[PDB]
Amino acid sequence: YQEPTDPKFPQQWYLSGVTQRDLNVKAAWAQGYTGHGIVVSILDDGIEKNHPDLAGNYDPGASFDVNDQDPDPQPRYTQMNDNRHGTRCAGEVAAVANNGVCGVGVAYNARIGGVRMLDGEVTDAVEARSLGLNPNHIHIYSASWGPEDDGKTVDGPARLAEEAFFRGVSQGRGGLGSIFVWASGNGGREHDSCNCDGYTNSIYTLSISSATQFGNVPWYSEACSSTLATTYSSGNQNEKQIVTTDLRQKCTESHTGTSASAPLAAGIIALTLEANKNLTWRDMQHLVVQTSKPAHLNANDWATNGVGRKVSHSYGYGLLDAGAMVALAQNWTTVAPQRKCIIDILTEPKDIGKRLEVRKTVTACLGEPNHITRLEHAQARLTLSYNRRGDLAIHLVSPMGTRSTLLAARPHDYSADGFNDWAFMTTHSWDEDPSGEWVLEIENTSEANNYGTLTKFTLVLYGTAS
Ligand SMILES: *[C@@H]1O[C@H](CO)[C@@H](O)[C@H](O)[C@H]1NC(C)=O
Ligand SMILES: C/C(=N\NC(N)=[NH2+])c1ccccc1
Ligand SMILES: C/C(=N\NC(N)=[NH2+])c1ccccc1
Ligand SMILES: C/C(=N\NC(N)=[NH2+])c1ccccc1
Ligand SMILES: [Ca+2]
Ligand SMILES: [Ca+2]
Ligand SMILES: [Ca+2]
Ligand SMILES: [Cl-]
Ligand code: NA
Ligand code: NA
């Protein structure tokens, strides 16, 4: 195998780096993995299917225009180039290699499509029709949309979109499950906390955050326990950005934000799926957990969990490692069927006041078909009232002592509507045994005399017993 010759490949520092600050993609390419036979779809504002770095890999079967209800996802051209984002993301995954144009995609032999669905009124039906597009042809979906990143919104998929997620992971891809790769958000400057975004907080989305070139948490990053891993993106003006295809058959060197990280992850996942086409949607999350690398990502919250892995609320398990992903995929044994252990915790409502702690010792469905000794995702589904929602901080401690932040204080969130069975999710106790004492902590981080009540706490464990 030889290095790509594309003119901008040297500028794709997150791929071509020789200083170990990269995604280790050349190592996967050298093992023979390029995305051949894999199909990825970008759910965004359209895709310039005639772009000279996309046309060779473009797949109409991975594409649709949900905004105008037609098969052709070509973007709507405007004076400000508003609808360029899907084309940028598509090139990150699957820009053609060795063709003298722009740079290359991570999976430069994968097929690439786009759903034009953000250029219009984005209803629940629009989202669901996009997530559910051709799920026995498209393997991997990439998306970075969700509720407003204003630091005061709590929202997620409505009924049709949630149903699309469960249909995709259950019957998609011949029953192995659609892989929904998701950006964790861009609300960092608003002090947003991404478990408040029900798309990235879902167990069905494989959620990705960003790191800057120098290894730092970018200004736009949101921290939360639902994130699984990290890829490089933009930072300050001394740090390089993402280099990819752009609208009007151009290249760009200034693609930015967490929405540039999710497509790189989708590309790495395409290489991995080429290495083992039989991986399930859960297998893929396991591989990410096992192979991602904290090293040289700076964060003040790196903590070692109960099985000895380092995990951060900014980075998840760390930077994706493509060579490690494709290597581990090849002889990976399919995980056992997913179990779900439901533990309704409260015997009475609990006043929150300044601070509330709820302790509960659980058997994790000992004796039952849903007995779990090997956790995957855990949720604390909470129903509570409070007079100012953003003054709350919420933590959940596993029996192995891993303290997941479920919610950080959000200064702009003035809502008096509380949380209505909101399923705060953590990945940080993956592979732990969830038997034992769990601790929920709710605290008022403000000096104000705030007040409210916790009326339901359901601990929901997913995982296996093998
Ligand atoms: C895929 O995995 C399932 C579950 O382990 C197994 O039954 C099946 O034979 C595998 N298929 C291939 C083609 O490896
Ligand atoms: C609000 C938002 N994303 N919010 C998120 N990912 N939580 C968005 C992304 C692309 C186009 C329009 C809106
Ligand atoms: C997808 C979405 N919102 N989804 C939600 N609120 N459940 C959205 C928000 C702002 C602009 C464009 C899209
Ligand atoms: C699946 C569902 N509702 N199903 C029902 N009411 N039978 C739902 C409602 C709101 C948000 C997300 C999902
Ligand atoms: Ca169209
Ligand atoms: Ca190229
Ligand atoms: Ca957000
Ligand atoms: Cl479920
Ligand atoms: Na997720
Ligand atoms: Na620990």
# chains A, B, ... in the order shown; residues from 1 in each chain; ligands from 1
$ residues_near_ligand --ligand "ligand 2" --cutoff "7 Å" --atoms "only C-alpha atoms and all ligand atoms" --output "mmCIF file with N, CA and C atoms, in the first residue's frame"
data_model
loop_
_atom_site.group_PDB
_atom_site.id
_atom_site.type_symbol
_atom_site.label_atom_id
_atom_site.label_comp_id
_atom_site.auth_asym_id
_atom_site.auth_seq_id
_atom_site.Cartn_x
_atom_site.Cartn_y
_atom_site.Cartn_z
ATOM 1 N N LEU A 118 -32.356 18.829 6.514
ATOM 2 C CA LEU A 118 -32.304 19.984 7.394
ATOM 3 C C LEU A 118 -32.747 21.280 6.725
ATOM 4 N N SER A 144 -25.471 15.236 13.104
ATOM 5 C CA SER A 144 -25.012 16.140 14.161
ATOM 6 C C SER A 144 -26.090 17.130 14.567
ATOM 7 N N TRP A 145 -27.339 16.849 14.240
ATOM 8 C CA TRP A 145 -28.455 17.687 14.625
ATOM 9 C C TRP A 145 -29.138 17.167 15.884
ATOM 10 N N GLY A 146 -29.991 18.008 16.444
ATOM 11 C CA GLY A 146 -30.591 17.769 17.729
ATOM 12 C C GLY A 146 -31.206 19.061 18.206
ATOM 13 N N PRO A 147 -31.567 19.127 19.477
ATOM 14 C CA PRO A 147 -32.213 20.335 19.995
ATOM 15 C C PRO A 147 -31.226 21.491 20.069
ATOM 16 N N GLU A 148 -31.786 22.695 20.164
ATOM 17 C CA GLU A 148 -30.968 23.899 20.222
ATOM 18 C C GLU A 148 -29.873 23.754 21.264
ATOM 19 N N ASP A 149 -28.662 24.161 20.895
ATOM 20 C CA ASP A 149 -27.531 24.148 21.813
ATOM 21 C C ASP A 149 -27.455 25.464 22.584
ATOM 22 N N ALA A 183 -22.921 13.344 16.720
ATOM 23 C CA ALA A 183 -22.139 14.374 17.386
ATOM 24 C C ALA A 183 -22.801 14.748 18.706
ATOM 25 N N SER A 184 -21.996 14.943 19.756
ATOM 26 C CA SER A 184 -22.539 15.212 21.093
ATOM 27 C C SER A 184 -23.008 16.655 21.303
ATOM 28 N N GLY A 185 -22.703 17.580 20.400
ATOM 29 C CA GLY A 185 -23.251 18.927 20.462
ATOM 30 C C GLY A 185 -22.175 19.999 20.303
ATOM 31 N N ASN A 186 -22.648 21.230 20.086
ATOM 32 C CA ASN A 186 -21.792 22.410 19.933
ATOM 33 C C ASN A 186 -22.101 23.518 20.947
ATOM 34 N N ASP A 197 -29.719 16.410 25.603
ATOM 35 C CA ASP A 197 -29.998 16.215 24.170
ATOM 36 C C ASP A 197 -30.310 14.732 24.021
#
$ residues_around --residues "segment 263-265 of chain A" --least-positions-apart "6" --cutoff "8 Å" --atoms "only C-alpha atoms" --output "short mmCIF file (atom, residue, chain, number, x, y, z; two decimals) with C-alpha atoms, in the first residue's frame"
data_model
loop_
_atom_site.label_atom_id
_atom_site.label_comp_id
_atom_site.auth_asym_id
_atom_site.auth_seq_id
_atom_site.Cartn_x
_atom_site.Cartn_y
_atom_site.Cartn_z
CA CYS A 89 -19.21 15.80 6.02
CA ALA A 90 -19.56 13.39 3.08
CA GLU A 92 -14.67 13.39 5.47
CA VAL A 93 -16.04 9.85 5.24
CA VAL A 106 -11.20 7.98 6.02
CA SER A 142 -23.98 10.18 10.44
CA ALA A 143 -25.82 13.08 12.07
CA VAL A 181 -23.05 7.84 14.67
CA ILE A 208 -18.62 11.38 19.51
CA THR A 231 -12.15 12.47 17.13
CA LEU A 320 -10.69 6.66 18.17
#
$ residues_around --residues "residue 37 of chain A" --least-positions-apart "2" --cutoff "7 Å" --atoms "only C-alpha atoms" --output "PyMOL selection string"
chain A and resi 35+39+110+274
$ write_last_selection --atoms "N, CA, C and O atoms" --output "CSV table (one decimal), in the first residue's frame"
chain,number,residue,atom,x,y,z
A,35,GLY,N,-13.0,0.6,3.4
A,35,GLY,CA,-14.4,0.9,3.3
A,35,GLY,C,-15.1,0.2,2.2
A,35,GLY,O,-16.3,0.4,2.0
A,39,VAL,N,-21.6,1.2,3.1
A,39,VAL,CA,-22.4,2.3,2.7
A,39,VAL,C,-22.7,3.2,3.8
A,39,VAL,O,-23.2,2.8,4.9
A,110,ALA,N,-15.5,3.5,0.4
A,110,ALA,CA,-16.9,3.3,0.8
A,110,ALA,C,-17.8,4.0,-0.2
A,110,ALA,O,-17.4,4.9,-0.9
A,274,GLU,N,-15.9,-3.2,7.3
A,274,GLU,CA,-15.3,-4.0,6.3
A,274,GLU,C,-14.5,-5.1,6.9
A,274,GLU,O,-14.5,-6.2,6.4
$ residues_near_ligand --ligand "ligand 10" --cutoff "7 Å" --atoms "only C-alpha atoms and all ligand atoms" --output "tab-separated table (two decimals) with C-alpha atoms, in the first residue's frame"
chain	number	residue	atom	x	y	z
A	303	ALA	CA	-11.11	8.95	36.09
A	304	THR	CA	-10.40	5.24	36.22
A	305	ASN	CA	-13.60	3.19	36.27
A	306	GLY	CA	-14.21	-0.20	37.85
A	400	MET	CA	-17.56	-0.04	41.66
A	401	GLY	CA	-17.24	3.61	42.67
A	402	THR	CA	-17.46	5.24	39.23
$ closest_atom_pairs --of "chain A" --to "ligand 8" --cutoff "12 Å" --atoms "only C-alpha atoms and all ligand atoms" --output "tab-separated table"
residue	atom	partner	partner_atom_place_in_ligand_line	distance
A:162	CA	ligand 8	1 (Cl)	10.9
A:163	CA	ligand 8	1 (Cl)	11.1
A:165	CA	ligand 8	1 (Cl)	10.8
A:166	CA	ligand 8	1 (Cl)	8.3
A:167	CA	ligand 8	1 (Cl)	11.6
A:169	CA	ligand 8	1 (Cl)	11.0
A:170	CA	ligand 8	1 (Cl)	10.7
A:202	CA	ligand 8	1 (Cl)	10.5
A:203	CA	ligand 8	1 (Cl)	9.2
A:204	CA	ligand 8	1 (Cl)	9.8
A:338	CA	ligand 8	1 (Cl)	9.3
A:339	CA	ligand 8	1 (Cl)	9.0
A:340	CA	ligand 8	1 (Cl)	6.9
A:341	CA	ligand 8	1 (Cl)	9.7
A:342	CA	ligand 8	1 (Cl)	9.9
A:377	CA	ligand 8	1 (Cl)	11.0
A:378	CA	ligand 8	1 (Cl)	11.3
A:379	CA	ligand 8	1 (Cl)	10.7
A:423	CA	ligand 8	1 (Cl)	11.2
A:460	CA	ligand 8	1 (Cl)	9.0
A:461	CA	ligand 8	1 (Cl)	9.8
A:462	CA	ligand 8	1 (Cl)	8.4
A:463	CA	ligand 8	1 (Cl)	11.2
$ closest_atom_pairs --of "chain A" --to "ligand 7" --cutoff "12 Å" --atoms "only C-alpha atoms and all ligand atoms" --output "JSON lines"
{"residue": "A:144", "atom": "CA", "partner": "ligand 7", "partner_atom_place_in_ligand_line": "1 (Ca)", "distance": 10.2}
{"residue": "A:145", "atom": "CA", "partner": "ligand 7", "partner_atom_place_in_ligand_line": "1 (Ca)", "distance": 9.4}
{"residue": "A:146", "atom": "CA", "partner": "ligand 7", "partner_atom_place_in_ligand_line": "1 (Ca)", "distance": 7.5}
{"residue": "A:147", "atom": "CA", "partner": "ligand 7", "partner_atom_place_in_ligand_line": "1 (Ca)", "distance": 6.7}
{"residue": "A:148", "atom": "CA", "partner": "ligand 7", "partner_atom_place_in_ligand_line": "1 (Ca)", "distance": 6.5}
{"residue": "A:149", "atom": "CA", "partner": "ligand 7", "partner_atom_place_in_ligand_line": "1 (Ca)", "distance": 4.2}
{"residue": "A:150", "atom": "CA", "partner": "ligand 7", "partner_atom_place_in_ligand_line": "1 (Ca)", "distance": 7.1}
{"residue": "A:151", "atom": "CA", "partner": "ligand 7", "partner_atom_place_in_ligand_line": "1 (Ca)", "distance": 6.6}
{"residue": "A:152", "atom": "CA", "partner": "ligand 7", "partner_atom_place_in_ligand_line": "1 (Ca)", "distance": 8.9}
{"residue": "A:153", "atom": "CA", "partner": "ligand 7", "partner_atom_place_in_ligand_line": "1 (Ca)", "distance": 7.9}
{"residue": "A:154", "atom": "CA", "partner": "ligand 7", "partner_atom_place_in_ligand_line": "1 (Ca)", "distance": 8.7}
{"residue": "A:155", "atom": "CA", "partner": "ligand 7", "partner_atom_place_in_ligand_line": "1 (Ca)", "distance": 9.5}
{"residue": "A:156", "atom": "CA", "partner": "ligand 7", "partner_atom_place_in_ligand_line": "1 (Ca)", "distance": 10.3}
{"residue": "A:182", "atom": "CA", "partner": "ligand 7", "partner_atom_place_in_ligand_line": "1 (Ca)", "distance": 11.9}
{"residue": "A:183", "atom": "CA", "partner": "ligand 7", "partner_atom_place_in_ligand_line": "1 (Ca)", "distance": 9.5}
{"residue": "A:184", "atom": "CA", "partner": "ligand 7", "partner_atom_place_in_ligand_line": "1 (Ca)", "distance": 6.9}
{"residue": "A:185", "atom": "CA", "partner": "ligand 7", "partner_atom_place_in_ligand_line": "1 (Ca)", "distance": 4.6}
{"residue": "A:186", "atom": "CA", "partner": "ligand 7", "partner_atom_place_in_ligand_line": "1 (Ca)", "distance": 6.1}
{"residue": "A:187", "atom": "CA", "partner": "ligand 7", "partner_atom_place_in_ligand_line": "1 (Ca)", "distance": 5.0}
{"residue": "A:188", "atom": "CA", "partner": "ligand 7", "partner_atom_place_in_ligand_line": "1 (Ca)", "distance": 7.9}
{"residue": "A:189", "atom": "CA", "partner": "ligand 7", "partner_atom_place_in_ligand_line": "1 (Ca)", "distance": 10.4}
{"residue": "A:190", "atom": "CA", "partner": "ligand 7", "partner_atom_place_in_ligand_line": "1 (Ca)", "distance": 8.9}
{"residue": "A:191", "atom": "CA", "partner": "ligand 7", "partner_atom_place_in_ligand_line": "1 (Ca)", "distance": 8.9}
{"residue": "A:192", "atom": "CA", "partner": "ligand 7", "partner_atom_place_in_ligand_line": "1 (Ca)", "distance": 5.5}
{"residue": "A:193", "atom": "CA", "partner": "ligand 7", "partner_atom_place_in_ligand_line": "1 (Ca)", "distance": 6.2}
{"residue": "A:194", "atom": "CA", "partner": "ligand 7", "partner_atom_place_in_ligand_line": "1 (Ca)", "distance": 4.7}
{"residue": "A:195", "atom": "CA", "partner": "ligand 7", "partner_atom_place_in_ligand_line": "1 (Ca)", "distance": 7.8}
{"residue": "A:196", "atom": "CA", "partner": "ligand 7", "partner_atom_place_in_ligand_line": "1 (Ca)", "distance": 6.7}
{"residue": "A:197", "atom": "CA", "partner": "ligand 7", "partner_atom_place_in_ligand_line": "1 (Ca)", "distance": 5.6}
{"residue": "A:198", "atom": "CA", "partner": "ligand 7", "partner_atom_place_in_ligand_line": "1 (Ca)", "distance": 9.3}
{"residue": "A:199", "atom": "CA", "partner": "ligand 7", "partner_atom_place_in_ligand_line": "1 (Ca)", "distance": 9.6}
{"residue": "A:200", "atom": "CA", "partner": "ligand 7", "partner_atom_place_in_ligand_line": "1 (Ca)", "distance": 8.7}
{"residue": "A:201", "atom": "CA", "partner": "ligand 7", "partner_atom_place_in_ligand_line": "1 (Ca)", "distance": 10.0}
{"residue": "A:209", "atom": "CA", "partner": "ligand 7", "partner_atom_place_in_ligand_line": "1 (Ca)", "distance": 11.4}
{"residue": "A:220", "atom": "CA", "partner": "ligand 7", "partner_atom_place_in_ligand_line": "1 (Ca)", "distance": 9.7}
{"residue": "A:221", "atom": "CA", "partner": "ligand 7", "partner_atom_place_in_ligand_line": "1 (Ca)", "distance": 8.9}
{"residue": "A:222", "atom": "CA", "partner": "ligand 7", "partner_atom_place_in_ligand_line": "1 (Ca)", "distance": 6.6}
{"residue": "A:223", "atom": "CA", "partner": "ligand 7", "partner_atom_place_in_ligand_line": "1 (Ca)", "distance": 9.2}
{"residue": "A:224", "atom": "CA", "partner": "ligand 7", "partner_atom_place_in_ligand_line": "1 (Ca)", "distance": 9.7}
{"residue": "A:226", "atom": "CA", "partner": "ligand 7", "partner_atom_place_in_ligand_line": "1 (Ca)", "distance": 11.9}
{"residue": "A:227", "atom": "CA", "partner": "ligand 7", "partner_atom_place_in_ligand_line": "1 (Ca)", "distance": 11.9}
{"residue": "A:258", "atom": "CA", "partner": "ligand 7", "partner_atom_place_in_ligand_line": "1 (Ca)", "distance": 10.6}
{"residue": "A:259", "atom": "CA", "partner": "ligand 7", "partner_atom_place_in_ligand_line": "1 (Ca)", "distance": 11.8}
{"residue": "A:407", "atom": "CA", "partner": "ligand 7", "partner_atom_place_in_ligand_line": "1 (Ca)", "distance": 11.9}
{"residue": "A:410", "atom": "CA", "partner": "ligand 7", "partner_atom_place_in_ligand_line": "1 (Ca)", "distance": 10.9}
$ closest_residue --among "A:157, A:91, A:103, A:218" --to "ligand 4" --atoms "only C-alpha atoms and all ligand atoms"
A:157
$ residues_around --residues "residue 45 of chain A" --least-positions-apart "3" --cutoff "8 Å" --atoms "only C-alpha atoms" --output "PDB file with N, CA and C atoms, in the first residue's frame"
ATOM      1  N   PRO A  75     -27.877  19.909  -2.905  1.00  0.00           N
ATOM      2  CA  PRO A  75     -28.155  21.060  -2.041  1.00  0.00           C
ATOM      3  C   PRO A  75     -28.805  22.205  -2.802  1.00  0.00           C
ATOM      4  N   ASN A  83     -26.036  25.697   2.531  1.00  0.00           N
ATOM      5  CA  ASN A  83     -26.286  24.248   2.507  1.00  0.00           C
ATOM      6  C   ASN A  83     -25.060  23.460   2.068  1.00  0.00           C
ATOM      7  N   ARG A  84     -23.908  23.807   2.647  1.00  0.00           N
ATOM      8  CA  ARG A  84     -22.647  23.168   2.308  1.00  0.00           C
ATOM      9  C   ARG A  84     -22.240  22.078   3.288  1.00  0.00           C
ATOM     10  N   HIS A  85     -22.945  21.947   4.396  1.00  0.00           N
ATOM     11  CA  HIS A  85     -22.414  21.153   5.503  1.00  0.00           C
ATOM     12  C   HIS A  85     -22.425  19.659   5.192  1.00  0.00           C
ATOM     13  N   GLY A  86     -23.496  19.164   4.575  1.00  0.00           N
ATOM     14  CA  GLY A  86     -23.549  17.749   4.231  1.00  0.00           C
ATOM     15  C   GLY A  86     -22.453  17.340   3.269  1.00  0.00           C
ATOM     16  N   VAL A 115     -28.839  12.467   2.905  1.00  0.00           N
ATOM     17  CA  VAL A 115     -30.256  12.779   3.005  1.00  0.00           C
ATOM     18  C   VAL A 115     -30.402  14.281   3.192  1.00  0.00           C
ATOM     19  N   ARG A 116     -31.102  14.917   2.273  1.00  0.00           N
ATOM     20  CA  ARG A 116     -31.404  16.343   2.397  1.00  0.00           C
ATOM     21  C   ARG A 116     -32.622  16.431   3.310  1.00  0.00           C
ATOM     22  N   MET A 117     -32.389  16.771   4.574  1.00  0.00           N
ATOM     23  CA  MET A 117     -33.471  16.837   5.547  1.00  0.00           C
ATOM     24  C   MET A 117     -33.413  18.024   6.503  1.00  0.00           C
ATOM     25  N   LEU A 118     -32.356  18.829   6.514  1.00  0.00           N
ATOM     26  CA  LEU A 118     -32.304  19.984   7.394  1.00  0.00           C
ATOM     27  C   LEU A 118     -32.747  21.280   6.725  1.00  0.00           C
ATOM     28  N   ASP A 119     -32.918  21.286   5.404  1.00  0.00           N
ATOM     29  CA  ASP A 119     -33.245  22.508   4.650  1.00  0.00           C
ATOM     30  C   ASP A 119     -34.761  22.619   4.465  1.00  0.00           C
TER      31      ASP A 119
END
$ residues_near_ligand --ligand "ligand 5" --cutoff "10 Å" --atoms "only C-alpha atoms and all ligand atoms" --output "PyMOL selection string"
chain A and resi 46+64-76+115-116
$ write_last_selection --atoms "N, CA, C and O atoms" --output "PDB file, in the first residue's frame"
ATOM      1  N   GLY A  46     -28.071  18.057   2.556  1.00  0.00           N
ATOM      2  CA  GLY A  46     -27.886  17.623   1.178  1.00  0.00           C
ATOM      3  C   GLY A  46     -26.451  17.232   0.884  1.00  0.00           C
ATOM      4  O   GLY A  46     -25.569  17.325   1.736  1.00  0.00           O
ATOM      5  N   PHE A  64     -31.633  10.607  -0.342  1.00  0.00           N
ATOM      6  CA  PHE A  64     -33.012  11.000  -0.579  1.00  0.00           C
ATOM      7  C   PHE A  64     -33.130  12.462  -0.199  1.00  0.00           C
ATOM      8  O   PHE A  64     -32.308  12.984   0.565  1.00  0.00           O
ATOM      9  N   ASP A  65     -34.177  13.116  -0.711  1.00  0.00           N
ATOM     10  CA  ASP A  65     -34.479  14.504  -0.356  1.00  0.00           C
ATOM     11  C   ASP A  65     -35.806  14.477   0.398  1.00  0.00           C
ATOM     12  O   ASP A  65     -36.882  14.411  -0.211  1.00  0.00           O
ATOM     13  N   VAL A  66     -35.715  14.503   1.722  1.00  0.00           N
ATOM     14  CA  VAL A  66     -36.917  14.491   2.553  1.00  0.00           C
ATOM     15  C   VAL A  66     -37.577  15.861   2.581  1.00  0.00           C
ATOM     16  O   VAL A  66     -38.789  15.957   2.764  1.00  0.00           O
ATOM     17  N   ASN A  67     -36.805  16.939   2.427  1.00  0.00           N
ATOM     18  CA  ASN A  67     -37.401  18.277   2.482  1.00  0.00           C
ATOM     19  C   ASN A  67     -38.351  18.516   1.305  1.00  0.00           C
ATOM     20  O   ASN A  67     -39.423  19.110   1.476  1.00  0.00           O
ATOM     21  N   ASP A  68     -37.971  18.081   0.105  1.00  0.00           N
ATOM     22  CA  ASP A  68     -38.771  18.291  -1.099  1.00  0.00           C
ATOM     23  C   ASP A  68     -39.436  17.005  -1.582  1.00  0.00           C
ATOM     24  O   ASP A  68     -40.139  17.022  -2.585  1.00  0.00           O
ATOM     25  N   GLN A  69     -39.232  15.892  -0.892  1.00  0.00           N
ATOM     26  CA  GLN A  69     -39.851  14.606  -1.228  1.00  0.00           C
ATOM     27  C   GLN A  69     -39.510  14.201  -2.662  1.00  0.00           C
ATOM     28  O   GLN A  69     -40.370  14.086  -3.531  1.00  0.00           O
ATOM     29  N   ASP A  70     -38.227  13.979  -2.897  1.00  0.00           N
ATOM     30  CA  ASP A  70     -37.740  13.479  -4.177  1.00  0.00           C
ATOM     31  C   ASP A  70     -36.439  12.738  -3.922  1.00  0.00           C
ATOM     32  O   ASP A  70     -35.891  12.790  -2.813  1.00  0.00           O
ATOM     33  N   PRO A  71     -35.953  11.973  -4.904  1.00  0.00           N
ATOM     34  CA  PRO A  71     -34.784  11.120  -4.654  1.00  0.00           C
ATOM     35  C   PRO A  71     -33.463  11.853  -4.667  1.00  0.00           C
ATOM     36  O   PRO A  71     -32.454  11.251  -4.283  1.00  0.00           O
ATOM     37  N   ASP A  72     -33.440  13.126  -5.095  1.00  0.00           N
ATOM     38  CA  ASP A  72     -32.205  13.815  -5.431  1.00  0.00           C
ATOM     39  C   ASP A  72     -31.833  14.762  -4.308  1.00  0.00           C
ATOM     40  O   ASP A  72     -32.533  15.773  -4.109  1.00  0.00           O
ATOM     41  N   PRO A  73     -30.736  14.488  -3.557  1.00  0.00           N
ATOM     42  CA  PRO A  73     -30.394  15.295  -2.375  1.00  0.00           C
ATOM     43  C   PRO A  73     -29.522  16.496  -2.674  1.00  0.00           C
ATOM     44  O   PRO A  73     -28.877  17.044  -1.774  1.00  0.00           O
ATOM     45  N   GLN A  74     -29.456  16.899  -3.944  1.00  0.00           N
ATOM     46  CA  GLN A  74     -28.582  18.008  -4.308  1.00  0.00           C
ATOM     47  C   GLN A  74     -28.889  19.216  -3.422  1.00  0.00           C
ATOM     48  O   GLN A  74     -30.069  19.529  -3.186  1.00  0.00           O
ATOM     49  N   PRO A  75     -27.877  19.909  -2.905  1.00  0.00           N
ATOM     50  CA  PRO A  75     -28.155  21.060  -2.041  1.00  0.00           C
ATOM     51  C   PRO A  75     -28.805  22.205  -2.802  1.00  0.00           C
ATOM     52  O   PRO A  75     -28.703  22.331  -4.025  1.00  0.00           O
ATOM     53  N   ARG A  76     -29.480  23.048  -2.034  1.00  0.00           N
ATOM     54  CA  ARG A  76     -30.007  24.315  -2.527  1.00  0.00           C
ATOM     55  C   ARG A  76     -28.908  25.379  -2.475  1.00  0.00           C
ATOM     56  O   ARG A  76     -28.426  25.745  -1.392  1.00  0.00           O
ATOM     57  N   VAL A 115     -28.839  12.467   2.905  1.00  0.00           N
ATOM     58  CA  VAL A 115     -30.256  12.779   3.005  1.00  0.00           C
ATOM     59  C   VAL A 115     -30.402  14.281   3.192  1.00  0.00           C
ATOM     60  O   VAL A 115     -29.902  14.851   4.174  1.00  0.00           O
ATOM     61  N   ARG A 116     -31.102  14.917   2.273  1.00  0.00           N
ATOM     62  CA  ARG A 116     -31.404  16.343   2.397  1.00  0.00           C
ATOM     63  C   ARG A 116     -32.622  16.431   3.310  1.00  0.00           C
ATOM     64  O   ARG A 116     -33.741  16.142   2.894  1.00  0.00           O
TER      65      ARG A 116
END
$ residues_near_ligand --ligand "ligand 6" --cutoff "10 Å" --atoms "only C-alpha atoms and all ligand atoms" --output "compact mmCIF listing (two decimals) with N, CA and C atoms, in the first residue's frame"
# COMPACT_ATOMS: atom_id res chain seq x y z
N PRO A 4 -1.71 8.14 0.10
CA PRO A 4 -2.47 8.94 -0.89
C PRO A 4 -1.65 10.08 -1.47
N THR A 5 -1.92 10.38 -2.74
CA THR A 5 -1.23 11.42 -3.47
C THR A 5 -2.04 12.70 -3.60
N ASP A 6 -3.25 12.73 -3.06
CA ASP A 6 -4.12 13.88 -3.24
C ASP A 6 -3.44 15.15 -2.74
N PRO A 7 -3.69 16.28 -3.40
CA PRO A 7 -2.91 17.49 -3.11
C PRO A 7 -3.03 17.97 -1.69
N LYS A 8 -4.17 17.78 -1.04
CA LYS A 8 -4.39 18.28 0.31
C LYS A 8 -4.23 17.20 1.37
N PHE A 9 -3.88 15.98 0.99
CA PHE A 9 -3.70 14.94 2.00
C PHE A 9 -2.68 15.35 3.06
N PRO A 52 -16.36 16.59 -7.73
CA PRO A 52 -15.32 15.72 -8.32
C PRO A 52 -14.62 14.80 -7.32
N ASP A 53 -14.70 15.07 -6.01
CA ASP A 53 -14.14 14.15 -5.02
C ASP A 53 -15.19 13.26 -4.37
N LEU A 54 -16.47 13.40 -4.74
CA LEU A 54 -17.52 12.51 -4.24
C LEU A 54 -18.15 11.63 -5.32
N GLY A 91 -17.37 14.22 2.37
CA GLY A 91 -15.98 14.08 1.98
C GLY A 91 -15.11 13.55 3.11
N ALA A 94 -15.63 9.75 2.83
CA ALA A 94 -15.45 8.95 1.62
C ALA A 94 -15.02 9.76 0.42
N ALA A 95 -14.33 10.87 0.62
CA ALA A 95 -13.73 11.55 -0.53
C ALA A 95 -12.82 10.59 -1.27
N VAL A 96 -12.89 10.64 -2.61
CA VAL A 96 -12.12 9.73 -3.46
C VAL A 96 -10.63 9.99 -3.29
N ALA A 97 -9.86 8.91 -3.38
CA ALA A 97 -8.42 8.96 -3.14
C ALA A 97 -7.65 8.87 -4.45
N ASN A 98 -6.47 9.48 -4.45
CA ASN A 98 -5.49 9.38 -5.56
C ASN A 98 -6.06 9.88 -6.88
N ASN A 99 -6.85 10.96 -6.83
CA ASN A 99 -7.48 11.50 -8.02
C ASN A 99 -7.11 12.97 -8.26
N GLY A 100 -6.06 13.46 -7.62
CA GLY A 100 -5.62 14.82 -7.81
C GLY A 100 -6.56 15.90 -7.34
N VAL A 101 -7.53 15.58 -6.48
CA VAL A 101 -8.56 16.51 -6.02
C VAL A 101 -8.62 16.49 -4.49
N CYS A 102 -8.58 17.68 -3.89
CA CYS A 102 -8.78 17.90 -2.45
C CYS A 102 -7.94 16.89 -1.67
N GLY A 103 -8.50 16.19 -0.68
CA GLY A 103 -7.80 15.18 0.09
C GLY A 103 -8.47 13.83 -0.08
N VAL A 104 -8.61 13.06 1.00
CA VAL A 104 -9.24 11.75 0.92
C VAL A 104 -10.19 11.57 2.09
N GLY A 105 -11.13 10.65 1.92
CA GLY A 105 -11.94 10.23 3.06
C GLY A 105 -11.26 9.17 3.88
N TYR A 108 -12.07 5.73 1.94
CA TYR A 108 -12.12 6.35 0.62
C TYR A 108 -12.61 5.41 -0.47
N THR A 244 -11.66 19.10 3.66
CA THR A 244 -12.62 18.20 3.02
C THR A 244 -13.22 18.87 1.79
N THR A 245 -14.15 18.16 1.18
CA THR A 245 -14.91 18.68 0.04
C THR A 245 -15.84 19.80 0.47
N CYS A 251 -12.65 22.72 -2.42
CA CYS A 251 -12.17 22.16 -1.17
C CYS A 251 -12.28 23.24 -0.10
$ residues_around --residues "residue 433 of chain A" --least-positions-apart "6" --cutoff "8 Å" --atoms "only C-alpha atoms" --output "PyMOL selection string"
chain A and resi 372-375+399-400
$ write_last_selection --atoms "C-alpha atoms" --output "tab-separated table (two decimals), in the first residue's frame"
chain	number	residue	atom	x	y	z
A	372	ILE	CA	-26.78	-8.55	34.30
A	373	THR	CA	-23.21	-9.02	35.52
A	374	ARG	CA	-21.57	-7.09	32.63
A	375	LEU	CA	-23.02	-3.63	32.18
A	399	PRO	CA	-21.14	-0.02	43.00
A	400	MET	CA	-17.56	-0.04	41.66
